[PDB]
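Structural overview
Listed below are the residues making up each chain.
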Amino acid sequence: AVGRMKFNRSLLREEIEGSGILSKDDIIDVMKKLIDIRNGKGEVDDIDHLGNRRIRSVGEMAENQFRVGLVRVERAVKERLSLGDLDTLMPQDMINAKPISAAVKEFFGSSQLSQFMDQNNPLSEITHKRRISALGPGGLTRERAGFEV
Amino acid sequence: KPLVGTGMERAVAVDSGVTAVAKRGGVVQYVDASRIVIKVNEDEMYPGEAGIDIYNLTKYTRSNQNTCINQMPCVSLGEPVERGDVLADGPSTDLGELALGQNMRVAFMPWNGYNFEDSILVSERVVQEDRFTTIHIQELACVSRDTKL
Amino acid sequence: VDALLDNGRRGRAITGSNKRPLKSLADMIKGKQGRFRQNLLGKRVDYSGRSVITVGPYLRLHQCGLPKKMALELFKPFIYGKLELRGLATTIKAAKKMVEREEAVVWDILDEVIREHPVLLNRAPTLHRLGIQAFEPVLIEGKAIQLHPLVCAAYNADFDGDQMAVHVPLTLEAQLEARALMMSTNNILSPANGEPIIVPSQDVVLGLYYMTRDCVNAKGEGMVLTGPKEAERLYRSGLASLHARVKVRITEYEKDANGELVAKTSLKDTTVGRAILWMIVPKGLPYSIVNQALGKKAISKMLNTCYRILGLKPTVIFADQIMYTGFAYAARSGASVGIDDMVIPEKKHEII
Amino acid sequence: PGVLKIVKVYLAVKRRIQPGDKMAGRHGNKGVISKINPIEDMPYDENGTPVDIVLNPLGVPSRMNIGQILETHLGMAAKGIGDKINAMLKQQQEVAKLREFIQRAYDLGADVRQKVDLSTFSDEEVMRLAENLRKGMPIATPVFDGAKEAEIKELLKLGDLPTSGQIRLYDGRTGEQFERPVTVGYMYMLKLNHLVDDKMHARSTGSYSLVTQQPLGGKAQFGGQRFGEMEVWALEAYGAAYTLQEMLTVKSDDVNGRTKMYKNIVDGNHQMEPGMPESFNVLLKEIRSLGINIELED
Amino acid sequence: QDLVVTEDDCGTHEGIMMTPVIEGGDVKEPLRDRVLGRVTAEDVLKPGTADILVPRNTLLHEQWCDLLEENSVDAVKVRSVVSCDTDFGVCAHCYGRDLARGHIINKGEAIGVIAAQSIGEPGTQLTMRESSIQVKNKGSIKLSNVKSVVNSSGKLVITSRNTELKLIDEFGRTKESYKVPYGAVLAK
Amino acid sequence: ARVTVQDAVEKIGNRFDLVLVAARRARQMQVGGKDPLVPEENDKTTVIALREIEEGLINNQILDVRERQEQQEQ
Amino acid sequence: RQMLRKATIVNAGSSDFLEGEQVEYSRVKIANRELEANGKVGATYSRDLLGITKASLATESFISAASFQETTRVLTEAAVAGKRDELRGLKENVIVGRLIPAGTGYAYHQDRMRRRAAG
Amino acid sequence: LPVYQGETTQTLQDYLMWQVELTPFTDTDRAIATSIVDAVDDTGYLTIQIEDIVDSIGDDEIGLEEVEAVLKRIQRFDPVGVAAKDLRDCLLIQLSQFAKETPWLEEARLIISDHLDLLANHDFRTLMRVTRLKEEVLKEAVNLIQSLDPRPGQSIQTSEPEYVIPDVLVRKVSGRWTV
Amino acid sequence: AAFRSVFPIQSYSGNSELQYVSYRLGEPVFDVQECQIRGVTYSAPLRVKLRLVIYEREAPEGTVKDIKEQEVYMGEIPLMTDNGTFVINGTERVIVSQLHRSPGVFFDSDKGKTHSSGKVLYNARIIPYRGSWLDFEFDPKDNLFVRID
Amino acid sequence: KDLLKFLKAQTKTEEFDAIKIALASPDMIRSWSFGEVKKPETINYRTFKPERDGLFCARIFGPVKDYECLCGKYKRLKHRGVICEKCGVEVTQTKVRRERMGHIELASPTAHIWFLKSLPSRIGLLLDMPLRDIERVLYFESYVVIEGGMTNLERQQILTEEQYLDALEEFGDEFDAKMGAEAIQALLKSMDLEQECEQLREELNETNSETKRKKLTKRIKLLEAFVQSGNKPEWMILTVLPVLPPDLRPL
């Protein structure tokens, strides 16, 4: 929805509130803007500008992992309900706490961002809690490929 | 705390969260080497709550960096304690200040060339002055490892 | 049978239950280490442990500082052989028990062994031949080997956190090779550009300049004498380097004849430090060559001139005495610093 | 399931400084512990105060960091104020008099913040605070809004300290009054996570690993630091073929010839036979075929 | 890896002559040490006519340098490696001492071993960052084969763009070139 | 012990055989049957060999001549 | 001096009508042929130099230059040659442990060759 | 990956040979020591005596005397009592290597010499009566003899690994054992 | 939001649907100190009252039965500490912060030496927060180049 | 062995100067060949005993861990020439275990594309001619014409399996069909390229152009190089192959 808002703003669409879907009208407007810029219509974007980056948070990462697990969970639920729908069982025919817990563990520990606490100094600890970096699944994807960054 | 200050050290010690805050406390009554019994005033003593604060912290916890983490109280007994007040000083804590540094009186003038550009020269009295004595903590675990034999 | 097409190379050729194919006999001969095995063999080493950082304020360059703790942690075979030859190791287990006992006589035997065989060390980075050198090692009982500031440039380091090297020229040929090429005093000037590699880059030259210069003219700046007691007066009172034109009977036995020195009596007025430093150096160059402000580049130039004139051993001796005397004078000054030493001109308030 | 039980045993180790330590300072300045002499060697002050920590002056101008100088001046001021307070306590000066002195110390300088003594802290609170602050004058400075250097000089004067701090000394080895009266103070130092003892590492003949009989296995135990290809190249640049070959063969993993080598070393022979390399033997054994490269030499 | 000191001498008068690096305004590098510690070819002759400065094979330790500086001769043909008539290794007459070894490099040496990193030494190197004519001091023209043609003005236009002057103040030493294109006119 | 090695280089000139001569004299002295012609001062055997070589008494021709004389005398 | 090797040729000159032959090998052959036996045997040659990475391909010690960057093709080439490594480089001698004719190794290889001349 | 991994006498066999090679011995002496060491059972004693090794070689040069001398030189090298060979003299060698200043050392030596049969039944009283000594007089000696380098490496000498391929595995899944 | 994303689960025309009423979070088992000493991966159980509703076939939304009583428990959630730390496997673990480019299309240039022909390309990159990333470059031949993922 | 020098003979030192590495002929492989093993097992926990004719098998790949044999017969380091009747393996020092790679014959070759098509077909370029066809000459799906003058097919004539069958049906016993061991390459090794070298030299001399002078003088130089070598050209796909020594294949 923020991505749709940014797309609308780039299309100057006043109704920034949009879905994650795409439309041909946006593509046509984008092609027109690119052609105009080729003929001269504006300046190029700038990643170094703070207005060009959308950071993510630990709660946000946890919610992302939770939804990532919920996607496969809903897929399995639909697959199970498709076959043998004639049953009045409690909502536990596909309630798999193990996959959810495993996804939670992978999100929590199994991540480069994740690391043990560094209380070498309490200030050092706090700063390590105050860490800000682009490395990970997104942001600094590759240590190579860039110098002005 | 080092002789000099920058003004944020007490706030730094607060924010580290290694000490114990007197979370709704009024007076420190029976504080032991690990057993701090602190009585809060009846107004602070929430209804159904005695306002009696029991603190039992981990002493000399083996640090992840193999260092030492211990909580040292500064109050003994029977003292009117402010709510949310730091109770026991942690590592690198002096009067509630996070200062991992000792101001040693010194002089900056190379002498007999015994000290080069990157050298440190100290005296025997300072060696006996026990300043910067370090307390590391190691680890050693064993397991049963049940076997068929 | 063919060089390739083995281990199911044709069609199926992967390991069972392993999506990664086994070391196929289409590639078994090349284990992928091979040439890279030989190269990693070229880049690897074992035992002869190393790594240290210390400053050898003493221990003149014809020497090397070696921590006594880790000392003989390798020389244990040499020490045991020494004990057996002296009989302190009647048996191998006797030597092991004595080593576990660590007798002071064991320390003495190790010292005797070291007095015969120097050691070789190298720097952290691998840049030039200057990082590795051979000098007379000595037990230091310290935690990091301490090196005279002489080879400061040689290791290409800055007395900061770094790891050194430890070399054991076990072969007699190895010992001779180290004492010939890796020998520290064997290497003087930078063979690369031909320029003199060795030069006191620290405040040693600053101490010399303090010696060979005057503030303006101190008390008794006009003192006239001969020179023998100049050390006493300069150290105690009556004269200082900060005084200018302290008259001094100058006599340099310059090698006027072919390989033969000739002296002559002058009366050069100077500062306290310059005249003393003049006596300190050798006899070859004129006192005027010493008589200067004693600049760092000038120090290097004088070093080159002496090396051209005199040779090696006198040059090494003069360099060592120079490091020592520079340390001494630098101590004599003290020379602390402060904010006021940086005086900002105030006219910039208007030029700005 | 593998272990029916697990037992963790914890041991804590103390640590004093050792020769070659790692001094640290928030003024960026880093220091390596060099040597500690008898306190006699330290130059005596005017009050006889022996030198404590000596900093090599030649470094500071290169750093362009006055933070050393600022720390010296401020720490000298704090230590002197604490000295005055302690002298008053030893003389057992009046509590109100000590409060007035501390208030005069605090209110001096530029206008920053508000504090009034003999009016705010309880007399018991004041006494406890003074006893707490019995080793120096507690100070705090803004990151970008600090005090004045002239204010520092005035504080030094108020503390009976030289405003620039410059002060001569009498030597500790010969007592000689060193020139250039030195400005100094209570300058902080810190320690580094790297420490001297752990860095110590050496070996003669350790335990061979499961690969190539080399010293390894992920233990800082008689390990053998891998040589460098540039390092080996420069070793060749020594031209010491006998020494280079020793580095390759003795400083290696093959313990097979180590029997002959140890026999030579114990006998003092210190000689190794040419033969064929263990890798050369391995390649010759793993010969895809024979050779048509010429087989003759010196 | 091919560096080797095997040939004691080349025996061939062919070589390379070294001259001072007169780069930019003046001599960016004088020819007083460029090949000082080298034994030249028979090119050692004094600036005076019929006057020889040194023999064919002779390394200018320190005295030949002084004599050459007196004679103001800027160049002489000298022996060199590769040109060192060896075809395997090099002439030691074209190898020299070049280091603390006062005598020339011994047989079996390898300056290429001493090389290979002499260039590599600047690992700390820094990278990635005809009208206005003036003379330095007194000096001659030394057009250096500049074709002169009848010009519109009363002078000889540079018919060849290879118009490179030279400011030789009093001897073979020169100050600056001040070369000009074919579009220039000789104002002096 | 010796601080600098220059006299051996001067007596040799090639700067390569001097260490070789020192090692060859040292091996013979350590194995036995050889007597140092220079007065010993509790130093290393290679040190004594280098000192004797620099004195002008040990070389690659004197050693060979002595070896030949010893072999012929058997 | 190392920047150039394996010079290009045009005329056979009774030696070979090829390109990229070692300039030193060609010169030794010319000295041993034209002056010695057949002055008419003179091959036209054009000296050439190129990049070092390209120069990595050509060498003498068959063991060498193969590990340099790639060997499977290099092994195939060396086998198709059957050519002599001859311990051509001192790096080859060391990787084999042979007396690298360097310094003390120079004298070692020299005495070893003196012996091998007698046998 | 030529030859996997291991250690000196990983299966209890090469430490003795390495110690022997760490000592001066001739080619025949080294061969006799190797015959003693390689023919050492999993109990650490020499599995095949000098006679068996000589017969397998069939060489008169490696005689019984040479093999015995090599074994005696390597009787206590690394560890003490290697190639022990029906270890009765190896116990005496361990006792002699142990300092003779130990109490009741003469009593222990007398017990180990030929009183082994009496102590085999553990009849200490009958053994003392046979030795004409007071019962438990050599109790310290008897205890020391018990603590006398049994099989030298003993358990370390016992590198007897475990191998098993049962045709079934009874998991006993919830009782009524699931075969 | 995350639960509502995967909240509706239905059968393949099986006349079955799934939903959730409310989630009950299980309280922590071992104390943070107790878990830490025990080394257990400290967490908090999560139980979501699910809603399994069975619709009678041939009955349009004709529900036959409801199993809307299953508190679907899906593992345990590791609570961020009061000190904020994560307690992965008991380890005081910290996951680093992530900064990513703002979702949407960015009108970039991607011109210059990248063109390697002295042509200024008009290459705008669409960085949607989900789905394939996009870039539409203006080729040197004045032809827009579209690349999907 | 008197053992007075067998221990001395165990350690031997060669000059190891100027190595020899190149191709060979199958006879030398048979010299390097020592034994034969059949099972594919590495190690067995049933008895913790060496596998019979398996990987690192007894009587193969060199000596045993101890001088004791795996069966136990002739279990002594003194025993030098005594070979255990239960299993014929070296009861000696284990250096031979690495120094004993084995080789089996089995008389069937295949494509050595590892060297034949190394980089840009290193050996294929040297072979030139129909390089790809020479690589596909085997397959055993061709049986190309090997000889036969009565049939209208060359000695070096291509005849795929269908082509070979049609030739056999038409010309009868008038044509040959090379396949199998080296396939056509067996005849090519039987063949001589001296005429090919002369033809390539003549073509380079005459057919001289931008492409005409190319790839043929290269072929001529490769032919001259092979002539200078002269080894069994059937070495590309030979008849024997090394077996990993027990101290060549680890765990």
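Cut-offs and rules
- Counting of residues restarts from 1 for each chain and follows the sequence as written, so the numbers need not equal those of the entry; residues with no coordinates are not shown.
- A letter from A marks each chain and a number from 1 marks each ligand, given out in the order of writing.
- Taken together, the chains in view make up part of a larger assembly, and the values describe this part alone.
- Heavy atoms from the whole structure form the basis of all side-chain values; hydrogens and water molecules are not counted.
- Residues with missing side-chain atoms are left out of burial classes, side-chain pairs and their counts.
- Runs of H or I in DSSP of at least four residues are treated as helices and runs of E of at least two as strands, each being numbered from the N terminus.
- Only C-alpha atoms enter the radius of gyration, while the globule expectation follows 2.2 Å times N to the 0.38, with N the number of residues.
- By the convention used here, residues are in contact when the closest approach between their heavy atoms is within 4.5 Å.
- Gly counts as polar in this scheme, as do all residues outside two lists: the nonpolar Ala, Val, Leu, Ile, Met, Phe, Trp, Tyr, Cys and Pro, and the charged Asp, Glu, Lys and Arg.
- Each pair of strands is called paired provided DSSP finds at least two bridges between the two strands.
- As a rule, the C-alpha atoms of each element are fitted with a line to give its axis, helices using only the stretch in contact, and angles between N-to-C directions run from 0 to 180 degrees.
- Here the word oblique covers every angle except those under 35 degrees (roughly parallel), over 145 (roughly antiparallel) and from 65 to 115 (roughly perpendicular).

Quick look at the overall build of chain H now. Looking only at helices and strands, chain H has nine helices and zero strands in total. What you see in chain H, going N to C, is helices and strands ordered as α-α-α-α-α-α-α-α-α. Relative to the globule expectation of 16 Å for 179 residues, the C-alpha radius of gyration of chain H, 21 Å, shows a markedly less compact shape. By its C-alpha atoms, chain H is 60 × 55 × 30 Å across when sized along the principal axes.

Another aspect to go through is the interface of chain B and chain C. Accessible area lost on assembly of the parts is the figure often given for the size of an interface. Listed as interface residues are eight residues of chain B and, on the opposing side, ten residues of chain C. Of the residues belonging to the side of chain B that touches chain C, the class tally is five nonpolar, two polar and one charged.

This brings us to the interface of chain B and chain D. On the side of chain D, 45 residues touch chain B, which itself brings 42 residues to the contact. Mapped by element, the contributors of at least two residues to the side of chain B that touches chain D are β11 (102-108), β12 (119-123), α2 (124-128), β13 (134-137) and β14 (140-143) of chain B. Per element, the largest residue contribution to the side of chain B that touches chain D is seven residues, and it comes from β11(B). Pairing geometry for β11(B) and strand β7 (residues 177-191) of chain D, over six bridges, is antiparallel. Bridge pairing links B:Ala107 to D:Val184 in β7(D).

Attention now goes to the packing of helix α2 (residues 27-38) of chain H against helix α4 (residues 64-73) of chain H. All names here are of chain H. Between α2 and α4, whose axes approach to 8 Å, the crossing angle comes to 75 degrees. Considered as vectors, α2 and α4 are oriented roughly perpendicular to each other. On α4, the residues that touch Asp29, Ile32 and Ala33 of α2 are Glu66, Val67 and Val70. For the contact of α2 with α4, the class distribution of residues is four nonpolar, no polar and two charged.

Our next topic: the sheet that holds strand β6 (residues 246-248) of chain C. Residue and element names in this part refer to chain C. The three strands are arranged β5-β6-β9 in an open sheet whose pairing can be described as mixed. The outermost strands of the open sheet, each flanked by one partner alone, are β5 (224-225) and β9 (269-270). Two strands pair when backbone bridges link them, and β5 and β6 are joined in this way by two bridges, in the parallel orientation. Looking across to β6, one finds that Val224 is bridged to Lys247.

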